[PDB]
Amino acid sequence: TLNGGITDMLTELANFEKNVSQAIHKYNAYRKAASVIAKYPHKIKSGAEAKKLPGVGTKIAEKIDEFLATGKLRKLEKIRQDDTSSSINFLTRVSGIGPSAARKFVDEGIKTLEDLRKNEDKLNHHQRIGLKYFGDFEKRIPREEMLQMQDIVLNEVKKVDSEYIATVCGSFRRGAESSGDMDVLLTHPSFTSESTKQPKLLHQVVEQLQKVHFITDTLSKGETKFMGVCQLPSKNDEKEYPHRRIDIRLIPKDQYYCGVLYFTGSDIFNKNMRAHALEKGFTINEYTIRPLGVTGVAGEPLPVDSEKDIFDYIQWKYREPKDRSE
DNA sequence: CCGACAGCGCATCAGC
DNA sequence: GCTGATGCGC
DNA sequence: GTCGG
Ligand SMILES: Nc1nc2c([nH]c(=O)n2[C@H]2C[C@H](O)[C@@H](COP(=O)(O)OP(=O)(O)OP(=O)(O)O)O2)c(=O)[nH]1
Ligand SMILES: [Cl-]
Ligand SMILES: [Cl-]
Ligand SMILES: [Cl-]
Ligand SMILES: [Mg+2]
Ligand code: NA
Ligand code: NA
Ligand code: NA
């Protein structure tokens, strides 16, 4: 947390560009700068120093100097006072409400938690659940709770079919002491890139988890991706645990490594790695790593037997999950 | 100084 | 109904 | 907003 003041400033700016300006490349730019500054092992003394880092340019360097000199950023002080920008930023905190829906709601006079609550019929399903658990989804998940959640999921999955393999990824796999949610990667021998010999593979599991009351709500559900809500059971006379976001992704068993790499992240780590792959003449997604033809057309999937193989293709030394938190 | 910026599942919509 | 674009959350 | 060619 050497440069927490600066990284928070950049994150707020990033959020403004994404939610209010609807400028996603500026959003990513600010996040990249925040990320590289966050891992910089020195307490930054000037914009010039920061500008030496990849991702920090002239503009951000100037902002860093203002921040260092005054402890504030006028551009942000103004934004904080703009009611429309403030309303839009708030509404986007509800899962399901993005930049477009937020502005739309503001236009229609809906701009507070109270307004949302009285206008549920104006929200789609995902948004309705996001509002319902607004407060809970704001809370972090202690690793101790992630362990109990892992136990339940793996044991219930085993009960459905012992051939299932569920792996908890995301920040948990990176060893974080707290997570924003739970990310489960799921595989089954019947589902491969070659064939889908058994249907309802994801459904069955989701069903079992709901049966035992672990999964409480569903945001979206398809053949391979489930996004919903879950909750740990509490003891007698015990206050209930907060509801949590859970994502379950069923990936072809032979594509497990590309899958676990993607689901482990971080998000910024994935973007940096996928961008580097391109510069190296490859393209990476959660399923495969393919070379780029002389015309920029993806070729056939390359053989992969470990996450390291992916790193080797793009000439990157291997990095354990714990070192991918960018 | 301009084009590129990672890549994709599900929900929702418009147009036919 | 299907296709394809858009919004959204990764 | 930043960076490479
Ligand atoms: N948040 C996010 N995750 C992404 C993106 N693209 C992408 O491949 N991912 C991957 C890397 C993440 O580790 C993984 C799971 O998403 P996540 O939001 O749960 O991220 P996380 O587990 O690292 O962090 P968290 O839950 O503790 O907030 O999805 C993206 O744009 N945003
Ligand atoms: Cl942009
Ligand atoms: Cl500020
Ligand atoms: Cl693919
Ligand atoms: Mg997560
Ligand atoms: Na720089
Ligand atoms: Na949102
Ligand atoms: Na997640």
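Quick note on labels: first sequence line is chain A, next is B, and so on, each numbered from 1. Just so you know, these numbers use all the heavy atoms, side chains as well, and skip hydrogens, waters and symmetry mates.
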Considering only nitrogen or oxygen atoms on both sides, find all protein atoms under 3.5 Å from nucleotides 9-12 of chain B and state each distance.
{"unit_1": "B:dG9", "atom_1": "OP1", "unit_2": "A:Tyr287", "atom_2": "OH", "d": "2.6"}
{"unit_1": "B:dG9", "atom_1": "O3'", "unit_2": "A:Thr224", "atom_2": "OG1", "d": "3.4"}
{"unit_1": "B:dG9", "atom_1": "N3", "unit_2": "A:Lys225", "atom_2": "NZ", "d": "3.0"}
{"unit_1": "B:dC10", "atom_1": "OP1", "unit_2": "A:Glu223", "atom_2": "N", "d": "3.0"}
{"unit_1": "B:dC10", "atom_1": "OP1", "unit_2": "A:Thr224", "atom_2": "N", "d": "2.9"}
{"unit_1": "B:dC10", "atom_1": "OP1", "unit_2": "A:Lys225", "atom_2": "N", "d": "2.9"}
{"unit_1": "B:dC10", "atom_1": "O3'", "unit_2": "A:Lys221", "atom_2": "N", "d": "3.4"}
{"unit_1": "B:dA11", "atom_1": "OP1", "unit_2": "A:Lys221", "atom_2": "N", "d": "2.9"}
{"unit_1": "B:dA11", "atom_1": "OP1", "unit_2": "A:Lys221", "atom_2": "O", "d": "3.4"}

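Partners of A:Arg319 by salt bridge (charged side-chain N to carboxylate O under 4.0 Å, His left out), not counting sequence neighbours, listed by chain and number: A:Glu326. Under the salt bridge (charged side-chain N to carboxylate O under 4.0 Å, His left out) criterion, A:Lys221 pairs with no residue at all, not counting sequence neighbours. In this structure, the ring pair (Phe, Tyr, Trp, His ring centres under 6.0 Å) partners of A:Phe90, at least two apart in sequence or on a different chain, are A:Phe134.
Pairs engaging residues 150-162 of chain A under the salt bridge (charged side-chain N to carboxylate O under 4.0 Å, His left out) rule: A:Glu156-A:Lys159 [sequence neighbours left out].
Taking atom NE2 on A:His276 and atom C1' on B:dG7, their separation rounds to 18 Å, with Å as the unit. Here the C1' atom of nucleotide D:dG1 and the NZ atom of A:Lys75 are 11 Å apart, to the nearest Å. Rounded to whole Å, atom P of D:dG1 lies 18 Å from atom NZ of A:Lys18. Rounded to whole Å, the distance from CG on A:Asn272 to P on D:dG4 is 13 Å. Across the protein-nucleic acid pair, A:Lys59 atom NZ and D:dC3 atom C1' stand 15 Å apart, rounded to whole Å. One can place CZ of A:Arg244 at 19 Å from P of C:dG9, the figure rounded to the nearest angstrom. Between the CG atom of A:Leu261 and the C1' atom of B:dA6 there is a distance of 12 Å, given to the nearest Å. Across the protein-nucleic acid pair, A:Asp247 atom CG and C:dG9 atom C1' stand 8 Å apart, rounded to whole Å.
There is no side-chain donor-acceptor pair under 3.5 Å between A:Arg290 and A:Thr283. Side-chain contact check for A:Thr264 and A:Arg173: at least one donor-acceptor pair (N or O, by modelled atom type) lies under 3.5 Å. A:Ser220 and A:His126 are not linked by any side-chain donor-acceptor pair at a separation below 3.5 angstrom, with hydrogens and angles left out of the test. A:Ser86 and A:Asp83 share no side-chain donor-acceptor pair at under 3.5 Å.
With respect to the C1'-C2'-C3'-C4' torsion, B:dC13 shows a north sugar, the value lying on the positive side. For C:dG1, classification of the furanose by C1'-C2'-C3'-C4' yields a north pucker, on the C3'-endo side.
Neighbouring residues B:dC10 and B:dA11 meet the stacking criterion, with the centres of their six-membered base rings under 5.5 Å apart and the ring planes within 30° of each other.
At a threshold of 4.0 angstrom between heavy atoms, the contacts of A:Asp267 with the nucleic acid are absent. Within the nucleic acid shown, A:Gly96 comes within 4.0 Å of sugar-phosphate atoms alone, with no base atom in reach, counting heavy atoms only. Within 4.0 Å (heavy atoms only), A:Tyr30 reaches sugar-phosphate atoms of the nucleic acid but no base atom. Among the heavy atoms of the strands, none lies under 4.0 Å from A:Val36. Among the atoms of the strands shown, only primed sugar atoms or phosphate atoms (P, OP1, OP2) are found under 4.0 Å from some heavy atom of A:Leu53. Among the atoms of the strands shown, only primed sugar atoms or phosphate atoms (P, OP1, OP2) are found under 4.0 Å from some heavy atom of A:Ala101. Contacts of A:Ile24 with the nucleic acid, taken as non-hydrogen atoms under 4.0 Å apart, are absent.
Relative to the side chain of A:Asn285, the nucleotides B:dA6, B:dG7, C:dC8 differ in distance, and B:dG7 lies closest. When distances run from any side-chain atom of A:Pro99 to the nucleotides C:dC8, D:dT2, B:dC5, the shortest one goes to C:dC8. Comparing C:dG9, B:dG7, B:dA6 by their nearest atom to the side chain of A:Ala275 picks out B:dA6. When distances run from any side-chain atom of A:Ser100 to the nucleotides B:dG7, C:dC8, D:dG1, the shortest one goes to C:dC8.
Distances shorter than 4.0 Å separate none of the side-chain N or O atoms of A:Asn28 from OP1 or OP2 on B:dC5.
For D:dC3 and B:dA6, the P atoms lie 14 Å apart once the distance is rounded to whole Å.
A:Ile24 shares a hydrophobic cluster with A:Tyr27; the chain of contacts runs through ILVMFWY side chains whose heavy atoms sit under 4.5 Å apart.
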